[PDB]
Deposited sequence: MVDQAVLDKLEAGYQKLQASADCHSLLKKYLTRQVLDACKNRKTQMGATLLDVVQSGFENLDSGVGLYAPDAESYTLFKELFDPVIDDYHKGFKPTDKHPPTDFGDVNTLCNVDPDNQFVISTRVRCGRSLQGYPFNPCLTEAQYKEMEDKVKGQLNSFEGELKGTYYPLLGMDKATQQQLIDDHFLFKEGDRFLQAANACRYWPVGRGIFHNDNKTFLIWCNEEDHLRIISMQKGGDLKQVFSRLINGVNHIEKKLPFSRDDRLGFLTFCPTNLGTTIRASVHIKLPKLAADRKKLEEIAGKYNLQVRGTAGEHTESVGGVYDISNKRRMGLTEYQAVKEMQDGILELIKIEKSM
């Protein structure tokens, strides 16, 4: 069933990993002889093989993780590789652990993290979705890209009120439209070497597109890394408003387009780092006092399970956790973490 040439490529790629002393990917750590022999002869119903999982980490020895999901089934079919990788990356999510049911919870318990607008430049909540019944980017055909786009465009064009907007296909996009989207920080392009070597950017840009609302507070990407990337954002710290809008947008889409969700892993994504809630809730925030040290900060951020990115003293701070907690719990801890960071700058 699995081509001998494919088995040969798996064998050569395993050997490549072993011969590289600098390679420290999760792929190399967990694709043992035993796991490789257990998995190599399997194929999903949509036709994905272990190569469609691991090929990017063979090509990019400096990968962090080094593997992706070619479709929903792959997560369970290749569990002897995916399970240890997930456990490692999500910092304790064991093979027997189970993600909770979806729960966006009660938005009226959320607030503005900076009502006086002294610290937070902007607030963003992002999630990701795969559409049930389609392969992920490594195995989508050109036909499936086109058919999926038509379905997506249908549902996005039916947004009403605050979410009403325009869909912009990448195919045939004119230079002036492109410049406007760049100006709004809404454009995406063909993927980096990790995505290319994962077969995630084929038939570019067929079936790829960008949607945003008239107010430019809601943004969807179609067939960048996942089928859908859905983002709510605005100036200031009103996390309640941002998250409310996200829920409304995701919920609209779902009325016609069912999502891929696993009972154990939550929402399924091309990248294993994005499972569970798929949520990254972030702020762009200035904390000049704490910023000085950059350790007392790191130590406090980690204490509220936050992660500090950095794109003067403007930082991007977000929830670190994706799996093992609800959507509500992820957003609420980010909220509590930021309220505590602000409350301590006021004392520094």
> Missing C-alpha stretches, by deposited numbering?
Replying inline: 312 to 319
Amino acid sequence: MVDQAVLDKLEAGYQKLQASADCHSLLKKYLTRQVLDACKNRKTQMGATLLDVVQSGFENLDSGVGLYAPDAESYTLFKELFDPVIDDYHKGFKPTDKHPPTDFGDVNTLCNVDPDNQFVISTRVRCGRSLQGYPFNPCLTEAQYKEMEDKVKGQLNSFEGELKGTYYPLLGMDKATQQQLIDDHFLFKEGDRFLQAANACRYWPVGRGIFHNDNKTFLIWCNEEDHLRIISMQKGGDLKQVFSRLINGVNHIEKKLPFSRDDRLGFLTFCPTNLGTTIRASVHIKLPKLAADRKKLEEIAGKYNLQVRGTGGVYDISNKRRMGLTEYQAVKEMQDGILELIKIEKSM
From here on, numbers count along this sequence of modelled residues.
> Comparing 297 to 305 with 53 to 61, where is the mean C-alpha B-factor higher?
Replying inline: 297 to 305
> So which stretch wins on mean C-alpha B-factor, 338 to 346 or 1 to 9?
Replying inline: 338 to 346
> So among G133, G209, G92, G128, who wins on Cα B-factor in the entry?
Replying inline: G92
> Checking the entry, which one of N223, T96, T177, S122 has the top C-alpha B factor?
Replying inline: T96
>> Test of reading the entry: by CA B factor among the chain's modelled residues, which third contains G154?
In response: middle
> By its CA B factor, does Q196 count among the lowest, middle or highest third of the modelled residues in the chain?
Replying inline: lowest
>> Based on the deposited C-alpha B factors for this chain, I'd like to know if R280 is in the lowest, middle or highest third.
In response: lowest
> In terms of the CA temperature factor given in the entry, to which third of its chain does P288 belong: lowest, middle or highest?
Replying inline: highest
> Sorting the chain's CA B-factors, does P115 end up in the lowest, middle or highest third?
Replying inline: highest
